[PDB]
Each structure stands twice: as C-alpha cells, then as structure tokens.
There are 2 protein chains.
Amino acid sequence: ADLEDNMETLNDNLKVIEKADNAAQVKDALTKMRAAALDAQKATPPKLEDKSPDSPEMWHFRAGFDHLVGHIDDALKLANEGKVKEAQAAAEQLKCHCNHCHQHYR
Amino acid sequence: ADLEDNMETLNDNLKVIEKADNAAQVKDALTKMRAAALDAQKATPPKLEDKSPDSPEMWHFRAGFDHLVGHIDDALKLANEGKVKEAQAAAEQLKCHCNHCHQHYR
Ligand code: HEC
Ligand code: HEC
Ligand code: NI
Ligand code: NI
C-alpha cells in the first residue's frame with residue numbers, strides 16, 4: 001500500500017515474531033515484513049518531497065530499506081533452518097533499522 | 001592502535017557520554033569515539049581475514065564505520081550548538097551501530 005500502511009505492517013509483525021514459539025509463524029511474519037519494506041522503499045517521505053532521486057538524503061532513505069530487507073532475509077534463513085530463537089533475536093534487532101531511519105526522516 | 005584497542009575506546013567513551021557530569025565530557029568522549037571509529041575502519045576483522053579489500057563482507061564492514069562516524073558527527077554538531085542533552089540522546093542511538101556490526105563480524 002502506502003508508507004503508513006507498510007509501517008504498521010512492519011510493527012505488527014515484529015510483535016507476532018516475538019510472540020511466536022515455532023519456525024513457521026516466524027517465517028510467515030518475516031515474509032510479510034519483507035514485502036512491506038520493499039514497497040515502502042519506493043515512496044518519498046514527506047520531509048524529502050523536492051529532493052533529487054540521487055540526492056544524499058533520498059539515497060540514505062532508500063539504502064535504509066535495502067539494509068532492513070537484507071537483515072530480514074538473514075532472519076528468514078535462520079527460520080528456514082528451524083533456528084526459531086535465533087530468528088527471533090535477529091527480528092528483535094531489526095528495531096535498530098526502524099529507529100535509525102525514523103530519526104533521520106520521520 | 002589495533003582493532004580491539006579501538007573497540008575498548010568506543011566502549012568506554014559511549015559509557016562516559018551516558019554518565020557524564022558536564023557537557024565538555026560529552027564532546028570529549030564523542031571526539032575520542034570518532035577517532036577510534038576511523039582507525040578501526042582501516043582494520044581487518046578476524047572473521048574476514050580471508051577476504052580481499054573488495055569482498056562484500058569487507059565492504060559492509062568499512063561502510064559500518066563510515067555510517068557510525070556520520071552519526072557521531074551528527075551528535076558532535078548537537079553538542080557544539082549547545083544542545084548537549086540532545087547530543088546525549090543521539091549517542092544512546094549509537095549502540096545500534098555497535099550491535100549491527102557485531103551481529104555480522106564480531
Ligand atoms: C526508512 C528507511 C524507514 C525504515 C527502515 C522504517 N521506517 Fe517506519 N517510518 C518511516 C517514515 C519516513 C515514516 C513517516 C511516515 C509518514 O507518512 O510521516 C515512518 C513511520 C512509521 C510508523 C508510524 C506510522 C504512521 O502512520 O505514522 C510506524 C509505526 C513505523 N514507521 C514502524 C516501523 C518499524 C517497526 C520499522 C522496522 C521494522 C520501520 N518503521 C522501518 C521510515 C522508515
Ligand atoms: C563494524 C563496523 C563495527 C562497529 C561499528 C563496532 N564494532 Fe566493536 N567490534 C567489531 C569487531 C569485528 C570486533 C571483533 C574484533 C576482534 O578482533 O575479534 C569487535 C569487538 C568489540 C569489542 C570486544 C573487544 C575485544 O577485546 O574483543 C567491544 C567491547 C566492542 N567491539 C565495542 C564496540 C562498541 C561499544 C561499538 C559502538 C560504539 C562498536 N564496537 C562498534 C566491529 C565493530
Ligand atoms: Ni548489515
Ligand atoms: Ni544514518
């Protein structure tokens with residue numbers, strides 16, 4: 001959808017992952033998070049409306065989603081190994097990506 | 001100084017900023033962190049000793065310090081413009097940079 005919908009999706013599924021106790025639930029939530037992050041990367045945040053596409057600010061904004069997606073992919077691999085707790089710990093650590101982008105651009 | 005020397009400097013001074021009794025101590029600690037990070041950026045982590053200066057792992061390692069230096073510079077700017085409580089709040093967010101790189105390479 002749009003950036004507000006993608007953001008609550010990300011937040012909702014972090015909670016799902018912390019709640020869960022098996023690999024399938026974690027995998028499903030991470031998969032949902034991955035789609036939301038890639039969709040949000042296409043948007044321009046309101047505080048960067050007139051910035052150029054390759055501007056330093058737009059570059060760092062887009063890079064933040066690439067990096068979030070990379071670490072979602074890393075947590076997905078752990079869940080696919082049956083390493084539930086390690087996948088959950090990796091998911092919890094995604095909050096650093098949320099907070100970093102927010103402090104720049106939210 | 002080698003890598004774990006720089007890491008001790010980063011660890012000690014991040015704690016100084018949180019506990020500092022005055023603003024001059026915040027700036028001085030941020031300055032020491034910045035120097036340690038730029039030195040550490042020129043190191044090879046032991047888990048990557050088998051990688052070239054061009055490996056994707058060495059690239060992400062170097063970029064982590066670039067980004068940490070940028071955010072130290074942001075906090076230094078707050079401190080230099082007299083907004084030292086804001087600089088302290090920004091320094092607290094630096095721990096995510098530590099945790100992210102450690103997740104990969106520590
Ligand atoms: C940039 C690279 C971001 C990353 C990574 C994450 N978010 Fe985000 N978020 C971003 C912006 C620019 C905004 C402002 C939206 C606006 O239209 O002003 C937000 C906002 C949120 C919100 C609030 C939703 C709202 O309608 O205001 C939430 C709940 C949120 N973000 C959650 C969130 C989480 C949990 C993230 C990590 C998993 C995350 N975001 C990453 C930009 C970016
Ligand atoms: C990569 C870009 C890193 C960033 C950013 C930070 N650290 Fe780090 N740290 C990194 C590596 C590769 C290692 C292992 C070094 C080794 O030779 O094994 C470390 C290690 C530490 C340690 C342990 C020190 C030791 O004697 O082994 C500490 C206390 C430490 N790091 C602290 C630290 C802090 C507080 C950081 C943020 C401010 C931080 N590091 C960033 C790689 C990276
Ligand atoms: Ni990473
Ligand atoms: Ni940044």
# chains A, B, ... in the order shown; residues from 1 in each chain; ligands from 1
call {"tool": "residues_around", "arguments": {"residues": "segment 100-105 of chain A", "least_positions_apart": "5", "cutoff": "12 Å", "atoms": "only C-alpha atoms", "output": "PyMOL selection string"}}
result
(chain A and resi 7+41+44-49+56-68+93-95) or (chain B and resi 67-68+70-71+74+86+89-90+92-97+100)
call {"tool": "select_by_dssp", "arguments": {"residues": "chain A", "states": "alpha helix (DSSP H)", "output": "PyMOL selection string"}}
result
chain A and resi 3-19+23-41+56-80+84-92+95-105
call {"tool": "write_last_selection", "arguments": {"atoms": "C-alpha atoms", "output": "mmCIF file, in the first residue's frame"}}
result
data_model
loop_
_atom_site.group_PDB
_atom_site.id
_atom_site.type_symbol
_atom_site.label_atom_id
_atom_site.label_comp_id
_atom_site.auth_asym_id
_atom_site.auth_seq_id
_atom_site.Cartn_x
_atom_site.Cartn_y
_atom_site.Cartn_z
ATOM 1 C CA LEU A 3 4.042 4.225 3.726
ATOM 2 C CA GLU A 4 1.698 4.418 6.734
ATOM 3 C CA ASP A 5 0.182 1.003 5.947
ATOM 4 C CA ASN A 6 3.616 -0.518 5.326
ATOM 5 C CA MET A 7 4.872 0.839 8.657
ATOM 6 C CA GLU A 8 2.113 -0.621 10.818
ATOM 7 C CA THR A 9 2.584 -3.931 8.960
ATOM 8 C CA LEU A 10 6.250 -3.856 9.986
ATOM 9 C CA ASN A 11 5.332 -3.040 13.589
ATOM 10 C CA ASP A 12 2.528 -5.607 13.819
ATOM 11 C CA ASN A 13 4.739 -8.428 12.537
ATOM 12 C CA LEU A 14 7.618 -7.655 14.889
ATOM 13 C CA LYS A 15 5.134 -8.319 17.677
ATOM 14 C CA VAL A 16 3.994 -11.552 16.004
ATOM 15 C CA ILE A 17 7.585 -12.794 15.832
ATOM 16 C CA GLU A 18 8.307 -12.054 19.492
ATOM 17 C CA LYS A 19 5.017 -13.805 20.440
ATOM 18 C CA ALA A 23 9.648 -21.506 12.971
ATOM 19 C CA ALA A 24 6.615 -21.435 10.668
ATOM 20 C CA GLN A 25 5.000 -18.482 12.459
ATOM 21 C CA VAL A 26 8.276 -16.551 12.436
ATOM 22 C CA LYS A 27 8.847 -17.268 8.750
ATOM 23 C CA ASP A 28 5.365 -16.104 7.770
ATOM 24 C CA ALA A 29 5.696 -12.827 9.700
ATOM 25 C CA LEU A 30 9.160 -12.089 8.265
ATOM 26 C CA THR A 31 7.860 -12.734 4.759
ATOM 27 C CA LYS A 32 5.125 -10.171 5.390
ATOM 28 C CA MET A 33 7.708 -7.713 6.729
ATOM 29 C CA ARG A 34 9.898 -8.160 3.650
ATOM 30 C CA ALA A 35 7.102 -7.211 1.254
ATOM 31 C CA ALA A 36 6.208 -4.133 3.311
ATOM 32 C CA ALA A 37 9.825 -2.935 3.399
ATOM 33 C CA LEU A 38 10.350 -3.233 -0.360
ATOM 34 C CA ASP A 39 7.096 -1.429 -1.091
ATOM 35 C CA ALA A 40 7.950 1.411 1.288
ATOM 36 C CA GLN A 41 11.343 1.883 -0.368
ATOM 37 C CA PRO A 56 22.269 12.216 -0.368
ATOM 38 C CA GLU A 57 19.053 12.194 1.670
ATOM 39 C CA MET A 58 16.997 10.115 -0.770
ATOM 40 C CA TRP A 59 19.993 7.823 -1.222
ATOM 41 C CA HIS A 60 20.249 7.164 2.517
ATOM 42 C CA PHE A 61 16.485 6.678 2.813
ATOM 43 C CA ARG A 62 16.437 4.051 0.054
ATOM 44 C CA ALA A 63 19.592 2.458 1.448
ATOM 45 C CA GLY A 64 17.860 2.060 4.812
ATOM 46 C CA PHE A 65 15.216 -0.167 3.266
ATOM 47 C CA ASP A 66 17.791 -2.185 1.337
ATOM 48 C CA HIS A 67 19.615 -2.841 4.593
ATOM 49 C CA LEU A 68 16.423 -3.703 6.501
ATOM 50 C CA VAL A 69 15.482 -6.136 3.711
ATOM 51 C CA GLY A 70 18.933 -7.734 3.899
ATOM 52 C CA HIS A 71 18.569 -8.397 7.603
ATOM 53 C CA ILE A 72 15.020 -9.653 7.131
ATOM 54 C CA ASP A 73 16.445 -12.082 4.582
ATOM 55 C CA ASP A 74 19.086 -13.117 7.120
ATOM 56 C CA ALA A 75 16.402 -13.799 9.753
ATOM 57 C CA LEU A 76 14.353 -15.712 7.176
ATOM 58 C CA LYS A 77 17.312 -18.008 6.535
ATOM 59 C CA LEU A 78 17.547 -18.737 10.269
ATOM 60 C CA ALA A 79 13.830 -19.563 10.446
ATOM 61 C CA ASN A 80 14.207 -21.837 7.417
ATOM 62 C CA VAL A 84 13.452 -20.247 15.948
ATOM 63 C CA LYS A 85 15.120 -18.434 18.842
ATOM 64 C CA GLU A 86 17.973 -17.153 16.671
ATOM 65 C CA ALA A 87 15.457 -15.896 14.096
ATOM 66 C CA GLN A 88 13.549 -14.128 16.871
ATOM 67 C CA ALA A 89 16.720 -12.493 18.162
ATOM 68 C CA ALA A 90 17.528 -11.320 14.642
ATOM 69 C CA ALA A 91 13.988 -9.937 14.295
ATOM 70 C CA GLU A 92 14.268 -8.044 17.582
ATOM 71 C CA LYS A 95 14.298 -2.311 15.601
ATOM 72 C CA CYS A 96 17.674 -0.566 15.164
ATOM 73 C CA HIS A 97 16.820 -0.127 11.486
ATOM 74 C CA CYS A 98 13.383 1.262 12.307
ATOM 75 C CA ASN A 99 14.744 3.786 14.776
ATOM 76 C CA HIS A 100 17.656 4.899 12.602
ATOM 77 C CA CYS A 101 15.517 5.785 9.613
ATOM 78 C CA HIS A 102 12.930 7.488 11.817
ATOM 79 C CA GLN A 103 15.460 9.751 13.465
ATOM 80 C CA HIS A 104 16.657 10.907 10.026
ATOM 81 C CA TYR A 105 13.396 11.255 8.151
#
call {"tool": "calpha_fit_and_write", "arguments": {"fixed": "chain B", "moving": "chain A", "output": "tab-separated table (two decimals) with C-alpha atoms, in the first residue's frame"}}
result
chain	number	residue	atom	x	y	z
A	1	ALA	CA	45.93	1.16	18.14
A	2	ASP	CA	44.37	-2.17	17.10
A	3	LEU	CA	40.77	-3.31	16.92
A	4	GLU	CA	40.51	-4.56	20.52
A	5	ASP	CA	41.89	-1.28	21.91
A	6	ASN	CA	39.65	0.78	19.62
A	7	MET	CA	36.60	-1.21	20.75
A	8	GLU	CA	37.08	-0.71	24.48
A	9	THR	CA	37.72	3.00	23.77
A	10	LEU	CA	34.33	3.14	22.05
A	11	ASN	CA	32.66	1.33	24.95
A	12	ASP	CA	34.38	3.37	27.66
A	13	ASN	CA	33.39	6.68	26.07
A	14	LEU	CA	29.74	5.72	25.61
A	15	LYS	CA	29.67	5.33	29.38
A	16	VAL	CA	31.38	8.71	29.84
A	17	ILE	CA	28.74	10.40	27.69
A	18	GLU	CA	25.82	8.86	29.57
A	19	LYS	CA	27.48	9.88	32.88
A	20	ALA	CA	28.09	13.48	31.88
A	21	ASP	CA	25.86	16.48	32.44
A	22	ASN	CA	27.58	19.17	30.34
A	23	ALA	CA	28.46	19.75	26.70
A	24	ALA	CA	32.24	19.87	27.07
A	25	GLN	CA	32.47	16.38	28.59
A	26	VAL	CA	30.21	14.95	25.88
A	27	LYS	CA	32.20	16.65	23.12
A	28	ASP	CA	35.52	15.33	24.42
A	29	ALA	CA	34.24	11.74	24.66
A	30	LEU	CA	32.69	11.84	21.16
A	31	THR	CA	35.95	13.18	19.75
A	32	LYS	CA	37.75	10.21	21.30
A	33	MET	CA	35.13	7.85	19.86
A	34	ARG	CA	35.54	9.33	16.38
A	35	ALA	CA	39.28	8.67	16.29
A	36	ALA	CA	38.80	5.08	17.48
A	37	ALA	CA	36.16	4.38	14.83
A	38	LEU	CA	38.26	5.68	11.93
A	39	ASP	CA	41.30	3.72	13.08
A	40	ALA	CA	39.29	0.50	13.41
A	41	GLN	CA	37.93	0.90	9.88
A	42	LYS	CA	41.39	0.21	8.49
A	43	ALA	CA	41.63	-3.23	10.12
A	44	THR	CA	40.46	-6.55	8.74
A	45	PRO	CA	38.43	-8.52	11.29
A	46	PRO	CA	39.73	-12.07	11.80
A	47	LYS	CA	36.57	-13.64	10.36
A	48	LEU	CA	37.24	-11.84	7.02
A	49	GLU	CA	40.98	-12.41	6.67
A	50	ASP	CA	41.13	-13.78	3.10
A	51	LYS	CA	38.22	-11.74	1.70
A	52	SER	CA	38.98	-9.28	-1.08
A	53	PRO	CA	39.12	-5.55	-0.28
A	54	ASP	CA	36.01	-4.80	-2.35
A	55	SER	CA	34.25	-8.03	-1.34
A	56	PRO	CA	30.65	-7.61	-0.16
A	57	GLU	CA	31.66	-8.51	3.40
A	58	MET	CA	34.65	-6.17	3.61
A	59	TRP	CA	32.56	-3.47	1.94
A	60	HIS	CA	29.82	-3.75	4.57
A	61	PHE	CA	32.37	-3.84	7.40
A	62	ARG	CA	34.05	-0.63	6.21
A	63	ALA	CA	30.66	0.95	5.54
A	64	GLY	CA	29.66	0.26	9.14
A	65	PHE	CA	32.48	2.45	10.42
A	66	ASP	CA	31.71	5.20	7.92
A	67	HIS	CA	28.13	5.24	9.17
A	68	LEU	CA	29.15	5.18	12.84
A	69	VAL	CA	31.52	8.09	12.18
A	70	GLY	CA	28.72	10.02	10.47
A	71	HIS	CA	26.46	9.67	13.48
A	72	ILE	CA	29.30	10.54	15.83
A	73	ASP	CA	29.77	13.70	13.77
A	74	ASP	CA	26.04	14.39	14.08
A	75	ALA	CA	26.21	14.03	17.88
A	76	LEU	CA	29.30	16.26	17.96
A	77	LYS	CA	27.36	19.00	16.18
A	78	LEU	CA	24.64	18.79	18.83
A	79	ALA	CA	27.20	19.06	21.64
A	80	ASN	CA	28.77	22.05	19.89
A	81	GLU	CA	25.30	23.68	19.97
A	82	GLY	CA	25.16	23.23	23.75
A	83	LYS	CA	22.38	20.64	23.28
A	84	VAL	CA	23.75	18.27	25.92
A	85	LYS	CA	20.72	16.02	26.35
A	86	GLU	CA	20.16	15.70	22.60
A	87	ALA	CA	23.84	14.83	22.12
A	88	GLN	CA	23.53	12.19	24.84
A	89	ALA	CA	20.45	10.70	23.20
A	90	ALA	CA	22.30	10.57	19.88
A	91	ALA	CA	25.25	8.87	21.60
A	92	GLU	CA	23.00	6.26	23.20
A	93	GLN	CA	21.61	5.47	19.73
A	94	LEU	CA	25.14	4.65	18.51
A	95	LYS	CA	24.74	1.27	20.23
A	96	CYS	CA	22.67	0.14	17.22
A	97	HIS	CA	25.80	0.54	15.09
A	98	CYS	CA	27.90	-1.44	17.56
A	99	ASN	CA	25.43	-4.31	17.70
A	100	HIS	CA	24.82	-4.46	13.95
A	101	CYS	CA	28.47	-4.83	13.03
A	102	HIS	CA	29.04	-7.35	15.82
A	103	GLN	CA	26.24	-9.61	14.68
A	104	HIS	CA	27.75	-9.70	11.17
A	105	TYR	CA	31.44	-9.98	11.92
A	106	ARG	CA	32.27	-10.35	15.64
